[PDB]
Amino acid sequence: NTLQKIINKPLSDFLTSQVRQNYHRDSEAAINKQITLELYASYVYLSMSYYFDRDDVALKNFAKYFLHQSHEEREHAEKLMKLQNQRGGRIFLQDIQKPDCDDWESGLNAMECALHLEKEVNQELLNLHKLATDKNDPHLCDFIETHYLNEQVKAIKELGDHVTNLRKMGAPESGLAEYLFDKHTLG
Amino acid sequence: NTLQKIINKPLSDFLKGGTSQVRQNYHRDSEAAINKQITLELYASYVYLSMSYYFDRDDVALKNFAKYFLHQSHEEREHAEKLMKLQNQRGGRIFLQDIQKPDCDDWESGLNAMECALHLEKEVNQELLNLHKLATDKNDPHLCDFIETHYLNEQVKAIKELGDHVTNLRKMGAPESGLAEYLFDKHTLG
Amino acid sequence: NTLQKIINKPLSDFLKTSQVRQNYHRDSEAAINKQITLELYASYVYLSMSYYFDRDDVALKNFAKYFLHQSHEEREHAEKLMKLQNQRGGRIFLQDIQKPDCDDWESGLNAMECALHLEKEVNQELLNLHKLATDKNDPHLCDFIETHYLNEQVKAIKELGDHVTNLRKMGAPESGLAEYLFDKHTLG
Amino acid sequence: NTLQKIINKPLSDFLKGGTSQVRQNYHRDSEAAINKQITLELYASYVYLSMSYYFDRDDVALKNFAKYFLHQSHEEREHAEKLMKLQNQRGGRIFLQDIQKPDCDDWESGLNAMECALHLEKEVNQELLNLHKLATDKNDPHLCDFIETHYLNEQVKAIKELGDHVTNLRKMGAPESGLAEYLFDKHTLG
Amino acid sequence: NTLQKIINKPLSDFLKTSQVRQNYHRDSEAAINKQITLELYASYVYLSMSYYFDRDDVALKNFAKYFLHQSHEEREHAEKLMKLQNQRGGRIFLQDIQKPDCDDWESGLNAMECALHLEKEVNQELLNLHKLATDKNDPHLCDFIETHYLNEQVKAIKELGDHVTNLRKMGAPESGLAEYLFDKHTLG
Amino acid sequence: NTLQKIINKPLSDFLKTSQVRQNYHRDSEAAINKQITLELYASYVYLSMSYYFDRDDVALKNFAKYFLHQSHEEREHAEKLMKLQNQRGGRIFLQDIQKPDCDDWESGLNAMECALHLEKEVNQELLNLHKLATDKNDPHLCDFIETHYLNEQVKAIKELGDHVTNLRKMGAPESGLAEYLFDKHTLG
């Protein structure tokens, strides 16, 4: 899992200003690591979106839904870069690795992969909050809380709801199920 | 059922002790039965509240089933508040009691929840009819007309709608077809 | 005190795996179920308080309106905790809602004083809930309590203290004129 | 600096003596530190007020520098009023003290004033972070969240903006170029 | 009395050539700096007064609003004197703003009485400032004090005297009902 | 130049029949996937430029806005190319987006010059892509390039050249006043 590979790199791989105060180098590095995760997640959703744009898949609202998710992730990354400059840290950009799948199989499978991805990103934001708590950085703790933590919980709950419905309607075997879910839930 | 335990409790247990300047032709039994009816409406409110957030679960995820029962829970609380208003209007004294928890935490499906709601509404309707019989026997025409205009047709309408909902879900294959409950959630409750 | 009895009940009485569950301890899950019954109980107290002032021998309509509003706010508090429980993957476990401690709230001052004490007892449980979430390293739960309960609780306590003060300075418990004018000028 | 004398004064000197019906989980140290923070915000208000009318002088005459610092002076007074509101909300007692005069009557230029404002905001931010550490140690989550939502990001935003202002003025030749301060006054602060 | 101490400070403590300066004596310049600290001090007293009535054990919201407004008016008075100082070519010389004399203002009546006395003490200094400007043959300074301070001071004194009278006739210091009704009907 | 390494990569590395595919050569499908990578890379470069000027030691807000908008336009270009790939029956093959060459652009002039070079390099690959479509007799792909990229590329290059000229005339990278005034008057 290339996502798990990014999560396992040390903080030193993601590395004085007049504005800097109470901003630990570990926090600065973790913010740069979080930028990479958000940019990667944006790439995964962009890939998912145009998979459903294929003539042999052709689920238009699945495509719209994941495209909007991709733009939300890109917006998260840009707000993290803004925070980095606000605190006096320096942005250190890395390669955005390609997603692990070219073919996402089905609408149910794509929602299951999105649920897994959001829970893995949530764990990193939780570890990022723990690091900011250990470094006594309450401004960074507040930033993570206000902008991410409840947004991840809602995204995870919404993806779980979508997974549950698709499985109860007929799993990926019923192409009728994915079509009707595309119209009635994502429409 | 916890409902039956409330229904079969002696009337005098719904009185504060076990005269208002406004009290007139308001029998102690009627005052007691109004307090009993408040407990039933509050209980029914709790049942629909439990039902509502069952469908809000990530492993059930029927948003309109959840919205529908939450609205019903609020209507029941409103019926109870109006009965408390009536109790004070006639000079009775409100005597509250524990609101017992519902019998289930896990309703099985949209069909089963509709069916349990149908049974609950008929049980509450029966107690409302007994309350009317008591008001007739005590020659309380104001109480009789109060029950008629505010509860009797509303219970009949609720009972008819729940039956329609049960019927439609059964015809689409509700217990087994998750597609049936999904499309009913969209087309009828949405 | 029924409320003290609920507060002293152990966490295990508020219990008995989800695809959305993450970093959600069983203790936090039980404590959310505990807080749900506290808010439901508080809603019941205010409901009782409200219709006491609707009595023909009390007849303070704005006291009644004030407490009925607080009753609906506590119910909304409870419903948002049930929504949170499902958001995090816990299982809602409902208990009996005990009847309020009083049937007769005596006066407007006395009802305000009981409301102040009730809101302070609920605040303590919220602070204990926040402490448990901090120990369990649940920042989302910590933030949820912070944004939705702590400042609202502090504002509720300050408003009730203000009300109790004005009523006492007006001569409330003896002076029925004081409670009438307070009902008109502050709650009206 | 007069600021450092306030910061290093013992906590108990910011208490009235040296229980409210609403007081709950509000430690004496927190009550003292809120009174200390009020003195700092009032001091910062005085500093920006002195800065503002320096640029209003006929021999300085930078109208937008004057408007900018006067607005900052009003924001600081507003922070102090809100802390007095919080003190009463939690049952503490407001204890005021002398607002010491600023250290300068003659700020040297627009750049120097921006730089002194940058230093003052970082000094106040540091005391706000110490106040948060104290509220954490006393397990006061309401106070922690109050400081977070109302001061911490606002201080970071103020600190970033002042740094931008200092940077731009230095790049245009601010200390020596009066043209630089004139055009910055027009294009950035106007 | 901190205010008496400021008033008794000599003019030389409020000092230490401009192209705009004309007919502006160093005495007038020092007296403007003195008046600035008086208005700043008065703003501090009213601020203290305001949040005394915001206390949960006082809880008179319109008293608090009234005094907070007066605090901002005194601050605006001070800022206009700083603008005048620069208009005439003087140099602003800021001093410490002393803390108010009281922490506890006792009651609404007592706060109004202290406000009346404060406004009368500031009025005296304004009249002394106008007298100095007349002796120095500074008609612009005389006119500035006339249009911006004298009638506003007289109106402030008359309004506070009215307030003190109504509170006393209502039974203010003993009767908490009086101060509550005055807060609602006159300040509300 | 990381850009050149992408440009010099063979077409076979950009490849991993549909009912809609018609007259769509495998080389064109691969070259579309290559152009997607180029537009995504350019988006990354402009995003890096944008937040360079957002730094507190650079602090040119309109430079930052100008490049952020350019970064969104490049990403919009990439999304329309993926739409084209699916329209013609090709299969999107995504690759790593390489990090930009510089973390630290030196100034507004240097960033503008680097943008000028980048757009010219992307224009050359679009012209090669048009040449490939011409040789494979793909008039639909030729027209797609003509209408959506060629004139937009020419307009971007002329604008960037205009900006570079003005910045150099005004005082080059040495005048910080020049970059500030250009930021206000041209990019504002």
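These residue numbers are counts, starting from 1, taken along the chain as shown.
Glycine residues also receive a Cβ, built from the backbone N, Cα and C atoms like all the rest.
As annotated by Swiss-Prot, Fe cation 1 binding site applies to B:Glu41, B:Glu76, B:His79. Sequence annotations record features per position, and here Swiss-Prot assigns Fe cation 2 binding site to B:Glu76, B:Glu121, B:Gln155 based on sequence analysis.
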Margin query: Out of B:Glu76, B:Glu121, B:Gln155, which of these binding-site residues shows the lowest number of other CB atoms within 10 Å of its CB?
Written below: B:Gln155
Item checked: Fe cation 2 site shell beyond B:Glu76, B:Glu121, B:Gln155, criterion: Cβ within 8 Å of Cβ centroid -> B:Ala44, B:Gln72, B:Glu75, B:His79, B:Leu120, B:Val124, B:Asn125, B:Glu154, B:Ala158, B:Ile159
Item checked: Between B:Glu121 (Fe cation 2 binding site) and B:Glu41 (Fe cation 1 binding site), the C-alpha gap once rounded to whole angstrom -> 10
Check: Rounded to an integer, what is the Cα-Cα distance in Å between B:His79 (Fe cation 1 binding site) and B:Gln155 (Fe cation 2 binding site)?
Finding: 11
Notebook entry, point to check: With the Fe cation 1 site defined by B:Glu41, B:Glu76, B:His79, which remaining residues of that chain have Cβ atoms positioned within 8 Å of the Cβ centroid?
Noted result: B:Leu40, B:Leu42, B:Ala44, B:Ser45, B:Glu75, B:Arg77, B:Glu78, B:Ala80, B:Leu83, B:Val124
Check: Under 8 Å Cβ-Cβ to chain D, which of the binding-site residues B:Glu41, B:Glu76, B:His79, B:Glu121, B:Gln155?
Finding: none
Next item on the list: Would you count the other C-beta atoms found within 10 angstroms of the C-beta of B:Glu41 (Fe cation 1 binding site) for me?
Entry: 24
Check: If you measure B:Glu76 (Fe cation 1 binding site) to B:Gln155 (Fe cation 2 binding site) at Cα, how many Å is it?
Finding: 11
Checklist line | Cα distance (Å, whole number) from B:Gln155 (Fe cation 2 binding site) to B:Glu41 (Fe cation 1 binding site) | finding: 12
Item checked: binding-site residues satisfying Cβ distance under 8 Å to any chain E Cβ, from B:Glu76, B:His79, B:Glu121 -> none
Note to self: Give me the count of other Cβ atoms within 10 A of the Cβ belonging to B:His79 (Fe cation 1 binding site).
What the structure shows: 22
